[PDB]
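Each remark here refers to the structure printed beneath this line.
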Amino acid sequence: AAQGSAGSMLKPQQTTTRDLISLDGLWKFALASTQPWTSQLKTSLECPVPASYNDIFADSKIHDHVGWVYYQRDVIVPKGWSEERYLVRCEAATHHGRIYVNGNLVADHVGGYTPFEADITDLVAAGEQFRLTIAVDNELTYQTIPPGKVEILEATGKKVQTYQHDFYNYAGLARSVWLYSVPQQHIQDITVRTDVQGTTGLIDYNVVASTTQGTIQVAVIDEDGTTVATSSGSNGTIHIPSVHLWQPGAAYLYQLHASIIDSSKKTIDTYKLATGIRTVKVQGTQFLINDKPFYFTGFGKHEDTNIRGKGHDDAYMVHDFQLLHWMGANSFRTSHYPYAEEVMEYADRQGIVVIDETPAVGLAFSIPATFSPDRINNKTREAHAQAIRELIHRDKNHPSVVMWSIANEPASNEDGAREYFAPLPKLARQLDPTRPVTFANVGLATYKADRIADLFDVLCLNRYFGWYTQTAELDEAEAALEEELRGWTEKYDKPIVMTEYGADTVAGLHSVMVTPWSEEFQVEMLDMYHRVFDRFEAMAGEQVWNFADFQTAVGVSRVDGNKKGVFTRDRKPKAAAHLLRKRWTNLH
Amino acid sequence: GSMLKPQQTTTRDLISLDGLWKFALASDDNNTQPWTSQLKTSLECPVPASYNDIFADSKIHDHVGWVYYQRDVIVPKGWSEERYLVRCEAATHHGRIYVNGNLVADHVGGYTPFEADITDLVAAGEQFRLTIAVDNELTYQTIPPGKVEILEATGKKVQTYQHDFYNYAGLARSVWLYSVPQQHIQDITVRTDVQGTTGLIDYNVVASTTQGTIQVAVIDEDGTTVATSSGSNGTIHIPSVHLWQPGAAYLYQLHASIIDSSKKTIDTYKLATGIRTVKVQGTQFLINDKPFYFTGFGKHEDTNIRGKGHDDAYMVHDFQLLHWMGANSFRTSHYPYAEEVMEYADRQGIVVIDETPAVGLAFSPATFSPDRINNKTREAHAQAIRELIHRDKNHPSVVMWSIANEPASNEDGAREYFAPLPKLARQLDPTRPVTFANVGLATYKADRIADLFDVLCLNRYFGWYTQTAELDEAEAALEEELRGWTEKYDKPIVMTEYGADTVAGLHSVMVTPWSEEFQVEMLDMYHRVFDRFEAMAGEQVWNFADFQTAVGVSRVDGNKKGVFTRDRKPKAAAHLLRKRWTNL
């Protein structure tokens, strides 16, 4: 883990040449008390892996814990492995993960939403058994990339985790853990850039191999199963005659088979990696996927379900996606962190557009000046960029991912904000020149007051007039909102997307009168917002906040988390769901 | 036709096949044999789950008949010289495994494993297309029984059945590819006895071939081996044993290895056992020779979207909620649950009543005849006992088998039907008492099955059905029945189920059903009566949590008799229970 760079490999898969093993299951679990990774574990406490631990146990001490926790289990390297290089991966640690093989530290990793792994091949032998213990610290600071500070309670002395975001600070191994193998000479990375000449579809590729052994073949197969182009070399471009384009309601995916042939006509490594072929351009006030203009519809979302909290779930993913299709949503935004990788591949097959967001949420203090040597400084920017790299490295390939979101609701109206943010969108366009760049702008940072927006390609606005400013005054709110829309459309020649608009709603709370927290009120606000968007020709999309009720930090104005959900936390449609379905399916 | 739960050792390997499978349901195309081609679906269905609620699509949820799960599988290169097979922890009722178009297994239990040795069908290091066909149709001969019918006007197929809960279908439990040595261990058996302070156990391993020798280590929780033995089976004493107790789980690990001509280990298996005895004497249920009282619930394999699908987190949380409220037991309501739950219960010190999938042997027409439930049905019923007991025999947590829930034990034919069944059970496993859960109509007068069973499991719901909202009246009808049974039979009585429906948030200070308060009052008044009867052996409230059911004008989006909500939140009764169960 180095400054200015990203060292993950490709998403482990199984092949004729590589082997894959799941470490998911229950693991022994305990709380920081000393040096637990040097002996076995002493607990009847077992925690499921793909999951956040906080809610799992029905224990207050555990849920409330500030610091490190310890997952542990034994592992056996299959005896079939020697002559194969093998290693241990975490798709994500809560925030700060550490990997111990038997009681030597083998990896330390600061991102909370991106993979990390350790090559253990010289460290254990094929056929041998070791003690995998993984340490996850949930502590946020001013330098950690969702920012925060631990404090202490004057009377009881209890440790307490402050932060500036909405959603609860769920910790642990939220994403699958793996033990896999790769041949000594292997493909480590692949870069795919899809473009279109007339009707001919060309993808520039780039394959990275552990050594300089043999050569690099690439077959490119269609959905039916018949290869449609081939190539040699670590890099080039591939021509596809009469391409089936990946379309935002009509996913087409070709399968790029990268192989590492040895001296002779023999395959020694291979890797299957799906791409779809699509361009993304912003021209002025317009968002083009495949040179036709596009309008987002959908939600910012969360990784949040009932007991597992943030832990990725196969069936909620599929269900969630069906609800999107049910209502004719075409996109969503990975809200305030990168989601599980498997959600991105699913999004690709599913033909859903994604706004991929770094875990930079709450870069402000006004939910004290936020950009200084105290709160958000240069060491913080360093971590912010560190996170931009790992996200892009990981996600660069998904045709569904369509624009990077640098941050949520940063204090972009304050002195200091511009210096801070300047290198970040520039980093993004550099590492990946194919997609546009944005961040979701807060209400305070008005068109006048914001000093960041010009550095970005698309304008993403979060607004809540009918909620905060004009509380229940929908007409006075329609005033405020078009005031603001005008301001942006006049000052800038970018396209605009409402990334956040909504109102807390308690399922079953009804009222014939104007009343916030009533299914009815939610409808009305949503509806008048829509009416306003349609009168602005500069709008390029709309994302309700949020998909579904979700858990947040304890708070008096938070009714057991955030209820701005259009669906309940158990995924049941409020009235708003049906409004959105009616608008999204019945017009363009 | 099963084998020990696959596990990774030094000599066995093991891959999970869980994840997104291409999913499609059977239509009446030209394509009558979908298992020999790529599926036309662009639907991916998650595996550990069950499919009905997953797709937000009616036709899918409503479907009667076959569906197909399909995916590609790579047998590892290193697997050769080794023996490998594909296991299904469970299907919906009827599962068929196809390996490259080839029918390789066909299995009729709904909640137990089935598997296929495919070592000669696919080459190690090669890829194959695995497709699994699961049929959800019940009949008079399936183990939950029921008939399929046709809606007169529209023509739509519909599935009738007799039991409460919804008929969630699919691959509700994990799928595996796994390696095993040519000369492998196939089954193990453990029987734990207590002889004063010393624990004894009789191991019985069954390997594939008879060369080399069988060796056994028994390691304590601290890593130190504590008795050793040689031979395909023998009996072990453990000096000052650490007993598995309902309050305090303790699990010795039994390593059974298959030594060869030399001093090398060709195969090996790790099998957890707890040392504990179950005796029923008189009206008493004794665990390790002290009186025991079941506290807890009938439960269900039911969560929100995955339906019946096994779930690690809800598992762990559920148990944490038993601990929270001082529960000590539960009943695998109306089907054996997933294997790993039973394992977990072992580690957790939670006692289990293991029930077969046999509910709804009741048509309230005459239910026991050559039409509804005949010998053929009874064949299948004995098969489930075989497969249930074969799989679960080893668990210190499992403490009783439950033959069936709420059968018409009061009708003619009932007796001829059940007779062979508990005999079968006691023959397959002498170490545990046998029961079934008695329905309300089958009173202590009317019932004609009960004498044939070790423990009496009942599920009275007077305050609900009978003296609906008349608790004083229900109290009487309740104690009347308990006099009856305790007067008539010299056995332990456990209220297997009991309690009233309740809507979270619905409240009242008076006697009003469907209010949180009414539930507390019913549950309570029952406990008052249980405490007066010396023959009582345990109480299990009817239900851990709300669960989905067959659609009904009397079922508010499922059953709400649950003590927690479907997303597992405490109702008023949860607290009443916690108070009683922790404190005395």
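Those protein sequences? They're chains A and B, same order as listed. Per the entry's author numbering: the first sequence = residues -7 to 25, 30 to 363, 373 to 593. Per the entry's author numbering: the second sequence = residues -1 to 362, 373 to 592. We put the CB at the ideal spot given by N, CA and C, even for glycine.
Around the beta-carbon of residue 101 (chain A), fewer than 16 other beta-carbon atoms lie within 10 Å, marking it exposed. Within its own chain, the residues whose Cβ lies closer than 6 angstroms to the Cβ of residue 525 (chain B), once the five positions on either side in sequence are excluded, are 516, listed in chain order. For the C-beta of residue 319 (chain B), the chain A residues within less than 9 angstroms are, from N- to C-terminus, 54.
Excluding residues up to 5 positions away in sequence, 51 and 52 lie with their Cβ nearer than 7 angstroms to the Cβ of residue 303 (chain A) in the same chain.
When 8 angstroms is used as the limit between beta carbons, residue 76 (chain B) is near these residues of chain A: 11, 74, 75, 76 and 77, in chain order. Assigned with DSSP and collapsed to three states, residue 23 (chain B) falls in strand. Non-local C-beta neighbours of residue 537 (chain A) in its own chain, meaning closer than 7 angstroms and more than five positions away in sequence, comprise 483, 486, 487 and 490, ordered along the chain. Straight through space, the alpha carbons of residue -4 (chain A) and residue 409 (chain A) are spaced by roughly 18 angstroms.
Residue state for residue 240 (chain A) is assigned as coil, using DSSP reduced to three classes. Within the stretch 557 to 581 of chain A, those residues whose Cβ lies closer than 8 angstroms to any Cβ of chain B are, in chain order, 574, 575 and 576. By the C-beta criterion, the stretch 298 to 314 of chain A is judged not to be in contact with the stretch 30 to 43 of chain A, since fewer than 3 inter-stretch pairs fall below 8 angstroms. For the pair of segments examined, the stretch 444 to 464 of chain A was found to touch the stretch 498 to 516 of chain A: the number of CB pairs separated by less than 8 angstroms reaches three. Look at residue 226 (chain A) here: in three-state DSSP terms it is strand. At a C-beta separation below 7 angstroms, residue 315 (chain B) has these neighbours in chain A: 52, 54 and 303. Taking 8 angstroms as the threshold, the shortest C-beta distance from residue 312 (chain A) to chain B falls below it. Taking all protein chains shown into account, residue 273 (chain A) has 16 or more neighbouring C-beta atoms within 10 Å of its C-beta and is therefore buried.
Secondary structure of residue 31 (chain A) (DSSP, three-state): coil.
A contact is defined here as three or more CB-CB pairs under 8 angstroms, and the stretch 162 to 173 of chain A fails this definition with respect to the stretch 236 to 254 of chain A.
Bounds of the alpha helix (DSSP H) holding residue 492 (chain B) are 479 to 496. Here DSSP, grouped into helix, strand and coil, assigns residue 319 (chain B) to helix. Segment contact: the stretch 17 to 25 of chain A against the stretch 66 to 85 of chain A, three or more CB-CB distances shorter than 8 angstroms; contact assigned.
At a cut-off of 8 angstroms between beta carbons, residue 47 (chain B) contacts chain A. Per the DSSP secondary-structure output, residue 126 (chain B) pairs in a beta bridge with B:71. In the DSSP annotation of this structure, residue 56 (chain A) is not part of any beta strand (DSSP E); the continuous alpha helix (DSSP H) holding it starts and ends at 56 to 60. Here residue 77 (chain B) carries a helix assignment [DSSP, helix/strand/coil]. Taking a C-beta cut-off of 8 angstroms against chain A, none of the residues of the stretch 83 to 110 of chain B qualify.
When C-beta distances to chain B are compared with 7 angstroms, every residue of the stretch 171 to 187 of chain A stays at or above that value. Straight through space, the alpha carbons of residue 148 (chain A) and residue 419 (chain A) are spaced by roughly 29 angstroms.
Annotation: the continuous alpha helix (DSSP H) that includes residue 430 (chain A) extends over 428 to 436.
Rounded to whole angstroms, the gap between the alpha carbons of residue 120 (chain A) and residue 260 (chain B) is 26 angstroms.
For residue 59 (chain A), same chain residues with a beta-carbon under 6 angstroms away, outside a window of 5 residues either side, are 50 in chain order. In this structure, residue 114 (chain B) keeps its C-beta atom at 8 angstroms or more from the C-beta atom of residue 130 (chain B). Around the beta carbon of residue 105 (chain B), a 10 Å sphere encloses 16 or more other beta carbons of the protein chains shown; the residue is thus reported as buried. Listed along chain A, the residues sitting closer than 7 angstroms to residue 44 (chain B) by beta-carbon distance are 310, 311 and 314. Burial is judged here by how many other beta carbons sit within 10 angstroms of a residue's own beta carbon; residue 527 (chain A) has at least 16 and is buried. In the DSSP assignment, residue 535 (chain A) falls outside any beta strand (DSSP E) and within the unbroken alpha helix (DSSP H) covering 524 to 538.
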